[PDB]
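Residue numbers (the UniProt record's numbering), protein chains in the order written: chain B, 3 to 35, 86 to 94, 257 to 304; chain F, 29 to 514; chain E, 8 to 474; chain Z, 7 to 473.
Structure, as structure tokens:
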Amino acid sequence: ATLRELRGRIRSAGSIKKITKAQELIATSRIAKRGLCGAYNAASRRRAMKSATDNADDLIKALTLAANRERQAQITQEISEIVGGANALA
Amino acid sequence: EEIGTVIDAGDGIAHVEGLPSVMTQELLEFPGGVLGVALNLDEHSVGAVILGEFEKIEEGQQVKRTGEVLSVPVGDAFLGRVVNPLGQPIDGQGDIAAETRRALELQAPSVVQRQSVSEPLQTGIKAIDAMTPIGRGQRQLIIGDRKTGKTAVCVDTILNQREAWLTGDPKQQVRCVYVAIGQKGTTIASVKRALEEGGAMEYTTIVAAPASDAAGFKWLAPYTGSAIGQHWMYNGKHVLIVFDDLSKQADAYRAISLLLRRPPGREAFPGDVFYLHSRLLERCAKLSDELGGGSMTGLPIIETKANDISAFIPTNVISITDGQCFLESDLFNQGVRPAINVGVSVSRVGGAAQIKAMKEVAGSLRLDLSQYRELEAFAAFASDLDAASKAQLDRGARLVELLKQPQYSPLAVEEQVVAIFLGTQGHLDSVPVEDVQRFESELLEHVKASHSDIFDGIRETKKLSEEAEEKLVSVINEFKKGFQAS
Amino acid sequence: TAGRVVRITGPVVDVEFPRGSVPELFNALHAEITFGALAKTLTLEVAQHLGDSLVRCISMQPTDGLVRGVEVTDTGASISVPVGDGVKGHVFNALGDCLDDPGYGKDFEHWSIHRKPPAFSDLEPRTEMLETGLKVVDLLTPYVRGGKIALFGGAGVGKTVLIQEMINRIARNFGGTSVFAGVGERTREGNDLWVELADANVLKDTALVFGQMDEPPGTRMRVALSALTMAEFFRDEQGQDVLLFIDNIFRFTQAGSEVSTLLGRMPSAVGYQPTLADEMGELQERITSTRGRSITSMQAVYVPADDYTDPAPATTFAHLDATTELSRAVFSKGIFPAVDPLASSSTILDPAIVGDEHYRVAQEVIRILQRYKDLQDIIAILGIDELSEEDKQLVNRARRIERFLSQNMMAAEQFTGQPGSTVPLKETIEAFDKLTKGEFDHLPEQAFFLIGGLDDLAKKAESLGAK
Amino acid sequence: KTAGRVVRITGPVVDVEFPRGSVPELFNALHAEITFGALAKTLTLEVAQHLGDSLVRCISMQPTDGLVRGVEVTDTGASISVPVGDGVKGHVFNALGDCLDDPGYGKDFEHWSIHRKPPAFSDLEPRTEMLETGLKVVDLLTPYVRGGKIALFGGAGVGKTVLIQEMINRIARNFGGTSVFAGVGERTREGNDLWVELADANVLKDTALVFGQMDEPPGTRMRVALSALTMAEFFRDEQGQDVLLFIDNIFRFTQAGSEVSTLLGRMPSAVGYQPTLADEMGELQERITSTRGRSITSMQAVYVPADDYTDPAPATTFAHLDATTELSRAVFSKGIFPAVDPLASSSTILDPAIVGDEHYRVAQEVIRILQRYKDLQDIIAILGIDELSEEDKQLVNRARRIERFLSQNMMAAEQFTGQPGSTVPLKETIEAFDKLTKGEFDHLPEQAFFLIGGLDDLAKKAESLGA
Ligand SMILES: Nc1ncnc2c1ncn2[C@@H]1O[C@H](COP(=O)(O)OP(=O)(O)OP(=O)(O)O)[C@@H](O)[C@H]1O
Ligand SMILES: Nc1ncnc2c1ncn2[C@@H]1O[C@H](COP(=O)(O)OP(=O)(O)OP(=O)(O)O)[C@@H](O)[C@H]1O
Ligand SMILES: Nc1ncnc2c1ncn2[C@@H]1O[C@H](COP(=O)(O)OP(=O)(O)O)[C@@H](O)[C@H]1O
Ligand SMILES: [Mg+2]
Ligand SMILES: [Mg+2]
Ligand SMILES: [Mg+2]
């Protein structure tokens, strides 16, 4: 279930990235003319959503690397089981 | 007089030549009192699993066939004793006066030898007794990562049978078999000390296969405990057997099979590992009235790794048992103790395993809590929640607090009914969440002191009458008048 | 001319026969276990001809106590079970023995449990809806009379409860014969079903065949064939409509995988036997209606580890006309039946068979639920308020729809304490048409949870202060 | 006759044929000679299997390079045995009992077989007595047990050996009894460093060091732990000494067992490990224990391959322990030393009946805050803390301060930083973390909590930072 969970997380992160990039562009437009504004309460929305888009990109990259490690490892483990059975039947 | 010869040996496995009339699963005597079991019978030789002290086995040694399959002594003398998978005492308290012997591989009761699970087996734990009720003859899997409180749940359940034992009535008494497979010796000693302190060794037997034991003993220990419990079950008694834990037995069986060079499967497990556990756990049954009405309730324990319930052995056992309590370390660390994941935990017997009053006050508790967890996740970042959602969230928070419970703190069934009544009938809605627990305890104490008739009615009749319910509502409101909410 | 046991390894037995007396494949042989505690007569099924007059066989009972060199007798035929109207009202094991009245059916006609499937030219596709009264089933996974229906799911998601629900709604008023095959499932469940059928007075029309999970792999392999042989007799000889329930068919495959390497077969992917699809094909293709002879079959299919990509359920999917796929995710939310509306399917859900209105409403429900699934991660992180107005409206509608697909079932009262309900198909279609238009958007979502039709919805809403 | 001959050599595994009636018993030590110049030596073989036909399979304690088929093998008649007594203290030994710092030393001592049974179950008594260390994280969350079993898990380079050195400093220095250190499959230069450090601290005279390190055949790396445990068991059972047993690293014992199992022709288990993984660990660990009236405090480093805590070796090790400190790569990356995972680590005596209600309450509050902080990492990674509720932001700041304050300037860390370590009394630790969980230091900057001791250190560091 590890690979399935990782793929679900990759899909979630991709959707979040798309939404945050759209919001960053909308904030760019609104600058020329809610609480997603970074440390504003504690322009700012544009920077916060650019940061969030970059963070989601990094998350997608890391999750994809983990997913590929898991995919390779599953192939290797499956082959190990198959060949172990074959050897024991040799 | 057939005498075989050890033609090879190693790692707790021997290969013996001769013995043409040996049976499959027969018990074999190797010199120096060593015991083995014949598993692989082929024309060339017999593959045998040594049941301890295999370092004494040697090529050329004479092997005698005992003419009997694996069997263990059984009888009431085993109560209060620690034994090994052969029924031999290991507590140093002398011999055990066996009533008779029982073969480990006797078939489970047939479909027509049973009756539906109908009697509660109270664990004393509100979460389990209200949302995943266990009946007599049920198999409830306790599954979770390490240190999630699985042994705590099982030992509390054993301890909660002390009052039933004191009743003296076989229809009420539950005799407990605790099977320790692959555990460190001091851990078994600590479980035994906890049982002794609570007065449970009066009605508990421990079958111990510590981690030092041969893989054969760890493989056999659940079956030995099952045979001991079955002797009582077929004699009209009610039995509770805990397997702590079946993962270690599966590992021991895998070791044995790989050493016998049987072909491996998933995670190198033998093909018949599911069959091992299913044959073990279907001997827990609720017998028909014609067979005496006895029962054996199974509490297998499964340890997962990284909360991965999709591993091979957890999947097998989940598919075998009548429900499971999933324990999670995230819930544990959050203060949800017992750390039962309500959404995925379930009892496949349901209200039949509860008294009428409990079924009345807890009929929809598990579904309500599942929906509450869903809503809490969904509304985590919502800023403007409607009235209905806010009410559901507040009710769910109070219910979660209500189900929290410390270790070694059993609640009698009537007290559990009153507590769940406080919860699900809306009497906690005016209490701050952080006070719910205290409120509950105080309220119960109050009812215990000046209104014990409510408890007595629930206990005698297994029901909450309309008059008793009205009285309880009145008492709750009067108590709330004076309760001090920090 | 008898054989003798040469090798014993768990449930697989090698038997040597005199040259010229090797039993045919799938023949039943008899061997004696004489040890008093375990004394019995093993039935062995011939699996392979190993050569040199040796046969590899699969024991039907546990081999504990069996001794090398003991006599093996060839019955000359395959495992055969009693057939006829007499099997109705009685409980049998995979070998045809009657459990509730031992010795019963000894004198009946007996049929071999190994049989070829119907000829292709005799096959007629079935397109006729079997209304259940369950909202989610009737709307999104409409069942087919005389067709093949499966309930897929991981462990403990409600396959058995839904099987019992379908026995309640379909078998109770059935005008034909019912066959229930318990394949490698819990003995307690079999006793419960037996008692429940006797209580409902449906037992007199039902033949029960049980091979439980505690039996050796051979019994779990052959019990489905035994039940199916009884059903085939009712289909082809008596010529009446037959209901066939199997719980759980995956066990068949699993049992076959448990003896594969002991039979000397190199394992396939994911530890399954190499013959997975072929053995499943034999069995499943026997489970079918033929022209003029109807078998409505309903199979519970266990999905190992909830992994729908697992080879067993993946291979099973091709054999079904309708699939109700149960989901752990839905279960954990408290939604019962835990049906995954997006993953489930039915071959008769198209405008031509079910009509334009039903098809349109079902497609709209699926579209809304798919969009809600797509939006769930965003709602989890950024919150609902960052959705567009239309997406917020769709999310509210989808939450109400997903809750309204849940239903209080007759078989679930043992768990909820609430009595069940039945919803007519026309009412279901109208209710979900109204829901997809937002006609109920003003009611609290908790009003839609575990109810029947629109009257139940109104009553629960008023109970919740809405209307 | 009575003398065998080498028939097969497959790396460090030797098959030896003996005359009929002279086959050595399992675990007997045999001797063969390699005469080729540079590699000339006496091989000690250990009988591991009886292969049949008067053949035995043995594990060589030394590399077999230069061994020739047919050379004579002599059976000592007994298993490997090591010197025991007070004299082993202050000296370094290899797995065979040879003294390295003084060759020939200890040949006249009493010699004990390295193989023996664990204590009888009736002699086992659970240990619940806190072994205060002065380390905040250990004392609060994973209190060590005197006479109990402690393990330090961790991946490569996360601080297992530095923490073992820390515990030697904190516990062994003031120890009134005997100490045994077992270097198992670890760096030889680390063994040299430990020898020299103990000499400098004057702890060596109380300490027996046994080393079978990385550049050894797998047989020696499998048996060195047993040899050190044999010395520890002598001290426990013959002198009534309180014994400290340090093992670095026990995973290396499991790994050597896996190598040997592969060499012995056994069928592999999952992840290629030996089928007897749990059995071997059980034998060794069950020997490592206290008994009624006789104390062994054991501390074991446990390597975690590829940072995979699910790996079978650490997974089977977990069950044998009373306290478990799990070092985390993620914690290490933050610069937090000791790099403990406060949520994954555990102690059997961290319960109110043993450590008292206040210690337990404070520990549970710390764990709850850290768990809540971990649950929020999904959001924080993307959006940061600015989107959380006020309660969650308060909790996140509290959790960051708590996680930093679990760090400590360790005694053994001076060598890496030049900063002397600190010792925090358990009472001050409880008070400080109570105040932290209550929000009494929410105004101080985060770095003030990093790598310090008690509350005076926090005050001084915060003042230095301006707060
Ligand atoms: N209801 C509870 N409330 C508080 N602490 C609890 C509760 N149940 C168990 N614990 C504690 O949690 C820890 C784990 O308990 P336990 O040993 O039963 O778990 P486990 O899952 O069986 O562990 P292991 O993997 O060591 O076998 C122990 O400290 C126990 O005291
Ligand atoms: N408390 C500490 N303070 C500062 N640096 C430390 C500390 N602990 C460890 N380190 C650094 O980390 C390095 C690795 O530590 P250590 O040798 O204890 O790790 P390990 O887990 O035993 O490693 P391995 O798996 O390589 O044996 C140390 O050499 C030192 O550089
Ligand atoms: N419709 C339902 N309503 C309420 N609870 C249910 C429903 N269906 C299943 N459950 C719960 O989930 C459990 C699993 O049901 P079951 O059908 O036995 O699982 P499986 O899918 O493995 O056959 C039941 O025992 C019951 O407690
Ligand atoms: Mg435990
Ligand atoms: Mg089921
Ligand atoms: Mg190190």
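By construction, the Cβ of each residue, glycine as well, lies at the ideal position given by its N, Cα and C atoms.
Under the 8 Å criterion on CB atoms, F:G210 is classed as interfacial with respect to chain Z. DSSP, reduced to helix, strand and coil, places E:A44 outside both helices and strands of the structure shown, so it counts as coil.
A Cβ of chain F is located within less than 8 Å of the beta carbon of B:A3.
Separation of F:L359 and F:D104 (C-alpha to C-alpha, rounded to the nearest whole angstrom) is 40 Å. For E:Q421, the three-state secondary structure derived from DSSP is helix. Counting C-beta pairs closer than 8 Å gives fewer than three between the stretch 132 to 144 of chain E and the stretch 110 to 117 of chain E, which falls short of the contact rule. A buried status is given to F:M324, since no fewer than 16 other beta-carbon atoms sit within 10 Å of its beta-carbon. Proximity of the beta carbon of Z:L356 to ligand 1 is indicated: a heavy atom of the ligand is located closer than 7 Å. Take the alpha-carbon of F:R164 and the one of B:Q288: they are about 42 Å apart. Inter-residue distance for F:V267 and F:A390 is about 26 Å (C-alpha atoms, whole angstroms). Contact check for F:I348 against F:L304 fails: the beta carbons are separated by 8 Å or more. Looking at the backbone, the Cα of F:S144 and that of F:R203 are separated by about 20 Å.
In the structure shown, F:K476 falls within a helical segment according to DSSP collapsed to helix, strand and coil. Residue contact check for F:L355 against chain Z: no CB pair falls below 8 Å. Interface with chain E (8 Å Cβ-Cβ cutoff): Z:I170 is excluded. By the Cβ neighbour-count rule, F:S357 is buried, with 16 or more other Cβ atoms within 10 Å of its own. Within 8 Å of the CB of Z:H56, the CB atoms of chain F belong to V34, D36, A37, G38, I85, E86 and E87, in sequence order along the chain. Around the beta-carbon of E:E31, fewer than 16 other beta-carbon atoms lie within 10 Å, marking it exposed. Contact between Z:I65 and Z:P18 holds: their C-beta atoms lie close to 6 Å from each other, under 8 Å. Of the residues E:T213, E:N100, E:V13 and E:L45, the one whose Cα lies closest to the Cα of E:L57 is E:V13. Along the stretch 259 to 272 of chain E, going in chain order, the ones with a CB nearer than 8 Å to a CB of chain B are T268, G271 and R272. Beyond the five residues adjoining it in sequence on each side, F:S99 comes within less than 7 Å, by CB distance, of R129, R130, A131 and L132 in the same chain, given in chain order.
The stretch 364 to 379 of chain F makes contact with the stretch 176 to 184 of chain F; the number of CB pairs closer than 8 Å reaches 3 or more. A straight line joining the alpha-carbon of F:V139 with that of E:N198 spans about 5 Å.
Under the Cβ criterion (8 Å, minimum of three pairs), the stretch 416 to 426 of chain Z does not count as touching the stretch 366 to 385 of chain Z.
With a threshold of 7 Å, the Cβ atom of Z:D221 does not count as near ligand 6, since no heavy atom of the ligand is closer than that.
Relative to the Cα of F:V503, the nearest Cα in the group F:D241, F:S514, F:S411 and F:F449 belongs to F:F449. CA-CA distance, F:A334 to F:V301, rounds to 22 Å. Within chain E, no residue has its beta carbon less than 8 Å from that of Z:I174; the closest one is some 45 Å off. Distance from the CA of E:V216 to the CA of F:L107, rounded to the nearest whole angstrom, comes to 40 Å.
No Cβ of chain B is located within less than 8 Å of the beta carbon of Z:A162. In summary, the residues of the stretch 339 to 364 of chain Z whose CB is separated from some CB of chain F by less than 7 Å are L349 and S352, in the order they occur in the chain.
Between Z:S353 and Z:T148, the gap from beta carbon to beta carbon is short of 8 Å. Sorting Z:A336, Z:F456 and Z:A178 by C-alpha distance to the C-alpha of Z:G165 places Z:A336 at the top. Close to E:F42, with beta-carbon spacing below 7 Å, are these residues of chain F in chain order: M51 and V97. Taking each of F:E429, F:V345 and F:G326 in turn and checking the Cα distance to F:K154, the smallest one comes out for F:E429.
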